[PDB]
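A quick write-up on the structure given underneath.
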Amino acid sequence: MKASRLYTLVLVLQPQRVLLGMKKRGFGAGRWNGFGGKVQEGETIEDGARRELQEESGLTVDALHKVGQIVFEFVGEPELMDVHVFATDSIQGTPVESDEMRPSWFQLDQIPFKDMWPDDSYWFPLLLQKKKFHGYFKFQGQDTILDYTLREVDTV
Ligand SMILES: Nc1[nH]c(=O)nc2c1ncn2[C@H]1C[C@H](O)[C@@H](COP(=O)(O)OP(=O)(O)OP(=O)(O)O)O1
Ligand code: NA
Ligand code: NA
């Protein structure tokens, strides 16, 4: 079996729009993503998701709700990424551009799927329907899915 590392992903989803972050330079520049990163020792996953949202975007919320869990496997990497996915309840602050990331709102009829991780095309729609999910995606590099599962669940 494999070991897994914990990550978070937060979708700042409002009734008509979603806030995404564009990676500004390096490996995978121009890709839009939710906000998140690695869970740290001692914090709950939800608290880590809030912390990462703040560090990454400048936003605070005071509450998230869990919407899904997705495991990513990359060819050549033995460690799995176990990504815990949340959506915001309500938000405080304006988002801020950093050296790493530029935030932008997108209307929900303009979700930039071609410039997002390919898996997002599969699980976003569930997210938008306010449903919960478990997923797994195996990637060759950044663009090619070799195997995946996706299942709606009642409890994440
Ligand atoms: N296939 C994928 N689909 C997706 O929608 N988000 C993905 C993804 N693969 C990775 N992500 C997200 C998960 C998480 O929010 C982020 C990856 O976290 P990072 O490794 O950048 O974390 P950290 O910034 O904590 O790491 P350090 O570089 O160690 O500081 O990208
Ligand atoms: Na981090
Ligand atoms: Na990050």
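Residue numbering restarts at 1 for every chain of the structure tokens, chains are lettered A, B, ... in their displayed order, and ligands are numbered from 1 as they appear.
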Next item on the list: Using only C-alpha atoms and all ligand atoms, find each residue with an atom at most 7 Å away from ligand 3 and format the answer as an MDAnalysis selection string.
Entry: chainID A and resid 35:37 56
Item checked: segment 128-136 of chain A environment, 7 Å, only C-alpha atoms, sequence neighbours closer than 4 positions dropped, as a list in words -> residues 67, 68, 69, 70, 71, 72, 124, 148, 149, 150, 151, 152, 153, 154 and 156 of chain A
Quick one: which chain A residues come within 10 Å of ligand 2, and what is the nearest atom pair for each with the distance in Å to one decimal, counting only C-alpha atoms and all ligand atoms, rows ordered by chain and ascending number, as CSV?
residue,atom,partner,partner_atom_place_in_ligand_line,distance
A:7,CA,ligand 2,1 (Na),8.7
A:8,CA,ligand 2,1 (Na),9.4
A:36,CA,ligand 2,1 (Na),7.5
A:37,CA,ligand 2,1 (Na),4.7
A:38,CA,ligand 2,1 (Na),4.8
A:39,CA,ligand 2,1 (Na),6.9
A:40,CA,ligand 2,1 (Na),7.5
A:48,CA,ligand 2,1 (Na),8.7
A:49,CA,ligand 2,1 (Na),9.7
A:51,CA,ligand 2,1 (Na),8.7
A:52,CA,ligand 2,1 (Na),6.4
A:53,CA,ligand 2,1 (Na),9.9
A:55,CA,ligand 2,1 (Na),8.1
A:56,CA,ligand 2,1 (Na),8.5
Residues from the last selection, C-alpha atoms, saved as a short mmCIF file (atom, residue, chain, number, x, y, z; two decimals), in the first residue's frame:
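What landed in selection_32.cif:
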data_model
loop_
_atom_site.label_atom_id
_atom_site.label_comp_id
_atom_site.auth_asym_id
_atom_site.auth_seq_id
_atom_site.Cartn_x
_atom_site.Cartn_y
_atom_site.Cartn_z
CA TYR A 7 -3.90 18.67 1.69
CA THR A 8 -6.82 21.09 1.67
CA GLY A 36 -5.20 25.35 -0.15
CA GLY A 37 -2.06 23.50 0.77
CA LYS A 38 -0.60 21.00 3.20
CA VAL A 39 -2.18 20.32 6.58
CA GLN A 40 0.26 20.98 9.42
CA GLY A 48 -5.84 23.92 8.15
CA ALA A 49 -8.17 24.70 5.27
CA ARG A 51 -5.43 28.84 7.56
CA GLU A 52 -4.41 28.03 4.02
CA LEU A 53 -7.28 30.09 2.61
CA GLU A 55 -2.35 32.59 3.78
CA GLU A 56 -3.06 31.90 0.13
#
Check: Could you pull the residues within 7 Å of residue 31 of chain A, counting only C-alpha atoms, minus those fewer than 5 positions along the same chain, as a ChimeraX atom specification?
Finding: /A:22-23,115-116
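Near residue 66 of chain A, within a cut-off of 7 Å and counting only C-alpha atoms, sit the residues residues 85, 86 and 87 of chain A, with same-chain residues fewer than 3 positions away left out.
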Output for the residues just chosen: C-alpha atoms as a CSV table (one decimal), in the first residue's frame:
chain,number,residue,atom,x,y,z
A,85,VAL,CA,-12.4,19.8,-0.2
A,86,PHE,CA,-14.4,22.6,1.4
A,87,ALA,CA,-16.7,25.4,0.4
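Comparing A:5, A:112, A:77, A:118 by their smallest distance to residue 41 of chain A, the closest is A:5 (using only C-alpha atoms).
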Next item on the list: Using atom CA of residue 117 of chain A and atom CA of residue 62 of chain A as the two end points, give the distance in Å to one decimal.
Entry: 27.3 Å
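Using only C-alpha atoms, the residues found no farther than 8 Å from residue 95 of chain A, other than those of its own chain fewer than 2 positions away, are residues 57, 58, 59, 93, 97 and 103 of chain A.
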Can I get the selected residues back with C-alpha atoms, as an mmCIF file, in the first residue's frame?
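Output file out.cif follows:
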data_model
loop_
_atom_site.group_PDB
_atom_site.id
_atom_site.type_symbol
_atom_site.label_atom_id
_atom_site.label_comp_id
_atom_site.auth_asym_id
_atom_site.auth_seq_id
_atom_site.Cartn_x
_atom_site.Cartn_y
_atom_site.Cartn_z
ATOM 1 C CA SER A 57 -5.834 34.441 -0.668
ATOM 2 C CA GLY A 58 -6.079 36.960 2.193
ATOM 3 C CA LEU A 59 -9.660 35.892 2.907
ATOM 4 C CA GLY A 93 -12.057 40.585 3.159
ATOM 5 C CA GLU A 97 -2.668 38.947 -5.327
ATOM 6 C CA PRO A 103 -7.178 35.660 -7.588
#
Next item on the list: Taking the DSSP assignment computed from this structure's backbone, write out as JSON, numbers by chain all residues of chain A that belong to alpha helix (DSSP H).
Entry: {"A": [45, 46, 47, 48, 49, 50, 51, 52, 53, 54, 55, 56, 57, 120, 121, 122, 123, 124, 125, 126, 127, 128]}
Output N, CA, C and O atoms for every residue in that selection, as a PDB file, in the first residue's frame.
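The resulting file, again-v5.pdb, is reproduced below:
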ATOM      1  N   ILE A  45      -8.109  19.300  10.073  1.00  0.00           N
ATOM      2  CA  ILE A  45      -8.101  19.523   8.627  1.00  0.00           C
ATOM      3  C   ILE A  45      -8.880  20.793   8.277  1.00  0.00           C
ATOM      4  O   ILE A  45      -8.436  21.597   7.466  1.00  0.00           O
ATOM      5  N   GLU A  46     -10.033  20.992   8.897  1.00  0.00           N
ATOM      6  CA  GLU A  46     -10.821  22.201   8.624  1.00  0.00           C
ATOM      7  C   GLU A  46     -10.079  23.476   9.012  1.00  0.00           C
ATOM      8  O   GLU A  46     -10.112  24.468   8.277  1.00  0.00           O
ATOM      9  N   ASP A  47      -9.429  23.460  10.168  1.00  0.00           N
ATOM     10  CA  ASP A  47      -8.665  24.628  10.568  1.00  0.00           C
ATOM     11  C   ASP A  47      -7.502  24.850   9.612  1.00  0.00           C
ATOM     12  O   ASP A  47      -7.178  25.980   9.277  1.00  0.00           O
ATOM     13  N   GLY A  48      -6.881  23.776   9.145  1.00  0.00           N
ATOM     14  CA  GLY A  48      -5.836  23.921   8.153  1.00  0.00           C
ATOM     15  C   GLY A  48      -6.358  24.522   6.867  1.00  0.00           C
ATOM     16  O   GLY A  48      -5.689  25.323   6.223  1.00  0.00           O
ATOM     17  N   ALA A  49      -7.565  24.134   6.470  1.00  0.00           N
ATOM     18  CA  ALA A  49      -8.172  24.695   5.274  1.00  0.00           C
ATOM     19  C   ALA A  49      -8.416  26.205   5.417  1.00  0.00           C
ATOM     20  O   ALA A  49      -8.191  26.965   4.480  1.00  0.00           O
ATOM     21  N   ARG A  50      -8.887  26.637   6.586  1.00  0.00           N
ATOM     22  CA  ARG A  50      -9.071  28.068   6.857  1.00  0.00           C
ATOM     23  C   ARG A  50      -7.744  28.810   6.857  1.00  0.00           C
ATOM     24  O   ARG A  50      -7.643  29.919   6.314  1.00  0.00           O
ATOM     25  N   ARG A  51      -6.742  28.220   7.500  1.00  0.00           N
ATOM     26  CA  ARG A  51      -5.432  28.838   7.561  1.00  0.00           C
ATOM     27  C   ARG A  51      -4.872  29.023   6.162  1.00  0.00           C
ATOM     28  O   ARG A  51      -4.393  30.095   5.797  1.00  0.00           O
ATOM     29  N   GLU A  52      -4.928  27.965   5.368  1.00  0.00           N
ATOM     30  CA  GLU A  52      -4.411  28.029   4.021  1.00  0.00           C
ATOM     31  C   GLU A  52      -5.204  29.031   3.202  1.00  0.00           C
ATOM     32  O   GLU A  52      -4.628  29.751   2.411  1.00  0.00           O
ATOM     33  N   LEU A  53      -6.523  29.082   3.352  1.00  0.00           N
ATOM     34  CA  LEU A  53      -7.282  30.086   2.608  1.00  0.00           C
ATOM     35  C   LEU A  53      -6.760  31.506   2.908  1.00  0.00           C
ATOM     36  O   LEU A  53      -6.592  32.329   2.005  1.00  0.00           O
ATOM     37  N   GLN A  54      -6.505  31.792   4.179  1.00  0.00           N
ATOM     38  CA  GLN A  54      -6.017  33.108   4.574  1.00  0.00           C
ATOM     39  C   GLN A  54      -4.636  33.362   4.000  1.00  0.00           C
ATOM     40  O   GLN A  54      -4.402  34.410   3.387  1.00  0.00           O
ATOM     41  N   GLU A  55      -3.724  32.417   4.207  1.00  0.00           N
ATOM     42  CA  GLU A  55      -2.346  32.586   3.777  1.00  0.00           C
ATOM     43  C   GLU A  55      -2.289  32.768   2.278  1.00  0.00           C
ATOM     44  O   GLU A  55      -1.533  33.593   1.771  1.00  0.00           O
ATOM     45  N   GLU A  56      -3.129  32.001   1.583  1.00  0.00           N
ATOM     46  CA  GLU A  56      -3.061  31.897   0.128  1.00  0.00           C
ATOM     47  C   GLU A  56      -3.794  33.041  -0.568  1.00  0.00           C
ATOM     48  O   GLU A  56      -3.305  33.553  -1.566  1.00  0.00           O
ATOM     49  N   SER A  57      -4.953  33.440  -0.037  1.00  0.00           N
ATOM     50  CA  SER A  57      -5.834  34.441  -0.668  1.00  0.00           C
ATOM     51  C   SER A  57      -6.072  35.738   0.100  1.00  0.00           C
ATOM     52  O   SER A  57      -6.569  36.700  -0.496  1.00  0.00           O
ATOM     53  N   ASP A 120     -11.129  18.708 -12.182  1.00  0.00           N
ATOM     54  CA  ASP A 120     -12.165  19.645 -11.742  1.00  0.00           C
ATOM     55  C   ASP A 120     -13.401  19.567 -12.638  1.00  0.00           C
ATOM     56  O   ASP A 120     -14.506  19.841 -12.200  1.00  0.00           O
ATOM     57  N   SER A 121     -13.217  19.236 -13.913  1.00  0.00           N
ATOM     58  CA  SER A 121     -14.349  19.107 -14.813  1.00  0.00           C
ATOM     59  C   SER A 121     -15.333  18.032 -14.350  1.00  0.00           C
ATOM     60  O   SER A 121     -16.522  18.118 -14.642  1.00  0.00           O
ATOM     61  N   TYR A 122     -14.828  17.025 -13.641  1.00  0.00           N
ATOM     62  CA  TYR A 122     -15.673  15.939 -13.162  1.00  0.00           C
ATOM     63  C   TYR A 122     -16.357  16.273 -11.830  1.00  0.00           C
ATOM     64  O   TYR A 122     -17.547  16.020 -11.687  1.00  0.00           O
ATOM     65  N   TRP A 123     -15.629  16.817 -10.851  1.00  0.00           N
ATOM     66  CA  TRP A 123     -16.218  17.011  -9.543  1.00  0.00           C
ATOM     67  C   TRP A 123     -16.840  18.388  -9.331  1.00  0.00           C
ATOM     68  O   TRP A 123     -17.745  18.510  -8.515  1.00  0.00           O
ATOM     69  N   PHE A 124     -16.383  19.422 -10.052  1.00  0.00           N
ATOM     70  CA  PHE A 124     -17.017  20.749  -9.920  1.00  0.00           C
ATOM     71  C   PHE A 124     -18.519  20.677 -10.069  1.00  0.00           C
ATOM     72  O   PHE A 124     -19.245  21.262  -9.265  1.00  0.00           O
ATOM     73  N   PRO A 125     -18.997  20.008 -11.120  1.00  0.00           N
ATOM     74  CA  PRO A 125     -20.462  20.006 -11.322  1.00  0.00           C
ATOM     75  C   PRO A 125     -21.235  19.531 -10.097  1.00  0.00           C
ATOM     76  O   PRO A 125     -22.297  20.085  -9.799  1.00  0.00           O
ATOM     77  N   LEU A 126     -20.707  18.541  -9.390  1.00  0.00           N
ATOM     78  CA  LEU A 126     -21.351  18.072  -8.173  1.00  0.00           C
ATOM     79  C   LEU A 126     -21.352  19.161  -7.103  1.00  0.00           C
ATOM     80  O   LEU A 126     -22.350  19.374  -6.403  1.00  0.00           O
ATOM     81  N   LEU A 127     -20.174  19.757  -6.953  1.00  0.00           N
ATOM     82  CA  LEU A 127     -19.997  20.896  -6.077  1.00  0.00           C
ATOM     83  C   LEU A 127     -21.085  21.935  -6.363  1.00  0.00           C
ATOM     84  O   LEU A 127     -21.784  22.376  -5.458  1.00  0.00           O
ATOM     85  N   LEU A 128     -21.250  22.307  -7.635  1.00  0.00           N
ATOM     86  CA  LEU A 128     -22.204  23.353  -8.020  1.00  0.00           C
ATOM     87  C   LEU A 128     -23.651  22.994  -7.675  1.00  0.00           C
ATOM     88  O   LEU A 128     -24.465  23.869  -7.358  1.00  0.00           O
TER      89      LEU A 128
END
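The nearest approach to ligand 1 among the residues A:101, A:13, A:146, A:83, with only C-alpha atoms and all ligand atoms taken into account, belongs to A:83.
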Next item on the list: Would you please extract all strand (DSSP E) residues from chain A, as assigned by DSSP on the backbone, and give them as a PyMOL selection string?
Entry: chain A and resi 4-13+17-23+32-33+64-74+80-88+101-107+132-140+144-153
Selection above as a file: C-alpha atoms, as a PDB file, in the first residue's frame:
ATOM      1  CA  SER A   4      -0.752   9.666   1.886  1.00  0.00           C
ATOM      2  CA  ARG A   5      -0.099  13.327   2.682  1.00  0.00           C
ATOM      3  CA  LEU A   6      -2.960  15.611   3.741  1.00  0.00           C
ATOM      4  CA  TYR A   7      -3.899  18.673   1.693  1.00  0.00           C
ATOM      5  CA  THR A   8      -6.815  21.086   1.671  1.00  0.00           C
ATOM      6  CA  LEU A   9      -8.750  22.751  -1.117  1.00  0.00           C
ATOM      7  CA  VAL A  10     -11.291  25.550  -0.606  1.00  0.00           C
ATOM      8  CA  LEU A  11     -13.808  26.727  -3.185  1.00  0.00           C
ATOM      9  CA  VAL A  12     -15.005  30.251  -2.568  1.00  0.00           C
ATOM     10  CA  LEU A  13     -18.412  29.637  -4.130  1.00  0.00           C
ATOM     11  CA  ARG A  17     -19.598  33.295  -9.103  1.00  0.00           C
ATOM     12  CA  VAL A  18     -16.535  31.427  -7.833  1.00  0.00           C
ATOM     13  CA  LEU A  19     -13.154  32.856  -6.811  1.00  0.00           C
ATOM     14  CA  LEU A  20     -10.164  30.965  -8.207  1.00  0.00           C
ATOM     15  CA  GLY A  21      -6.419  31.518  -7.973  1.00  0.00           C
ATOM     16  CA  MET A  22      -4.060  31.494 -10.944  1.00  0.00           C
ATOM     17  CA  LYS A  23      -0.607  30.099 -10.409  1.00  0.00           C
ATOM     18  CA  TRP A  32      -6.622  28.215 -12.001  1.00  0.00           C
ATOM     19  CA  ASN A  33      -7.263  26.398  -8.738  1.00  0.00           C
ATOM     20  CA  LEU A  64     -16.261  26.134   6.115  1.00  0.00           C
ATOM     21  CA  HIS A  65     -18.378  23.169   5.090  1.00  0.00           C
ATOM     22  CA  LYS A  66     -16.833  19.973   3.830  1.00  0.00           C
ATOM     23  CA  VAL A  67     -17.957  18.962   0.360  1.00  0.00           C
ATOM     24  CA  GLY A  68     -15.620  16.195  -0.752  1.00  0.00           C
ATOM     25  CA  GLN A  69     -12.418  14.234  -0.572  1.00  0.00           C
ATOM     26  CA  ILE A  70     -10.200  13.452  -3.566  1.00  0.00           C
ATOM     27  CA  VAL A  71      -7.088  11.288  -3.689  1.00  0.00           C
ATOM     28  CA  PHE A  72      -4.533  12.121  -6.388  1.00  0.00           C
ATOM     29  CA  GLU A  73      -1.855   9.746  -7.586  1.00  0.00           C
ATOM     30  CA  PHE A  74       0.895  10.853  -9.968  1.00  0.00           C
ATOM     31  CA  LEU A  80      -0.683   9.921  -2.556  1.00  0.00           C
ATOM     32  CA  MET A  81      -2.229  13.360  -2.116  1.00  0.00           C
ATOM     33  CA  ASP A  82      -5.295  13.151   0.107  1.00  0.00           C
ATOM     34  CA  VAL A  83      -7.184  16.372  -0.608  1.00  0.00           C
ATOM     35  CA  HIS A  84     -10.014  17.455   1.673  1.00  0.00           C
ATOM     36  CA  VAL A  85     -12.373  19.784  -0.179  1.00  0.00           C
ATOM     37  CA  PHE A  86     -14.398  22.569   1.450  1.00  0.00           C
ATOM     38  CA  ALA A  87     -16.682  25.383   0.370  1.00  0.00           C
ATOM     39  CA  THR A  88     -17.005  28.722   2.124  1.00  0.00           C
ATOM     40  CA  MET A 101      -1.100  33.648  -7.112  1.00  0.00           C
ATOM     41  CA  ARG A 102      -3.549  36.024  -8.726  1.00  0.00           C
ATOM     42  CA  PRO A 103      -7.178  35.660  -7.588  1.00  0.00           C
ATOM     43  CA  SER A 104     -10.105  36.339  -9.905  1.00  0.00           C
ATOM     44  CA  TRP A 105     -13.835  35.863  -9.825  1.00  0.00           C
ATOM     45  CA  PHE A 106     -15.561  33.870 -12.568  1.00  0.00           C
ATOM     46  CA  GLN A 107     -19.274  33.824 -13.243  1.00  0.00           C
ATOM     47  CA  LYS A 132     -20.890  15.719  -1.781  1.00  0.00           C
ATOM     48  CA  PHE A 133     -18.321  13.420  -3.331  1.00  0.00           C
ATOM     49  CA  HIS A 134     -15.394  11.073  -3.073  1.00  0.00           C
ATOM     50  CA  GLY A 135     -12.913  10.935  -5.944  1.00  0.00           C
ATOM     51  CA  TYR A 136      -9.621   9.418  -7.024  1.00  0.00           C
ATOM     52  CA  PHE A 137      -7.561  10.460 -10.055  1.00  0.00           C
ATOM     53  CA  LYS A 138      -4.317   9.024 -11.403  1.00  0.00           C
ATOM     54  CA  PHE A 139      -2.315  11.425 -13.552  1.00  0.00           C
ATOM     55  CA  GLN A 140       0.530  11.126 -16.010  1.00  0.00           C
ATOM     56  CA  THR A 144      -3.532  13.274 -18.575  1.00  0.00           C
ATOM     57  CA  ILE A 145      -5.836  11.119 -16.452  1.00  0.00           C
ATOM     58  CA  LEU A 146      -5.065   7.371 -16.704  1.00  0.00           C
ATOM     59  CA  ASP A 147      -7.679   6.133 -14.201  1.00  0.00           C
ATOM     60  CA  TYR A 148     -10.268   7.790 -11.986  1.00  0.00           C
ATOM     61  CA  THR A 149     -13.307   7.207  -9.826  1.00  0.00           C
ATOM     62  CA  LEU A 150     -15.976   9.637  -8.754  1.00  0.00           C
ATOM     63  CA  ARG A 151     -18.955   8.874  -6.530  1.00  0.00           C
ATOM     64  CA  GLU A 152     -21.592  11.018  -4.918  1.00  0.00           C
ATOM     65  CA  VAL A 153     -21.831  10.327  -1.176  1.00  0.00           C
TER      66      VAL A 153
END
Item checked: Residue nearest ligand 1 among A:75, A:27, A:34, A:43 (counting only C-alpha atoms and all ligand atoms) -> A:34
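Among the candidates A:108, A:142, A:89, A:29, the residue lying nearest to ligand 1 is A:142 (atoms considered: only C-alpha atoms and all ligand atoms).
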Checklist line | A:2, A:155, A:141, A:42 ranked by distance to residue 76 of chain A, top pick (using only C-alpha atoms) | finding: A:141
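Distance-wise, atom CA of residue 15 of chain A and atom 6 (N, counted along the ligand's line) of ligand 1 end up 21.3 Å apart.
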Checklist line | Option closest in space to residue 60 of chain A, from A:26, A:79, A:94, A:44 [counting only C-alpha atoms] | finding: A:94
Next item on the list: Mind giving me the straight-line distance from atom CA of residue 78 of chain A to atom CA of residue 1 of chain A in Å, one decimal?
Entry: 9.6 Å
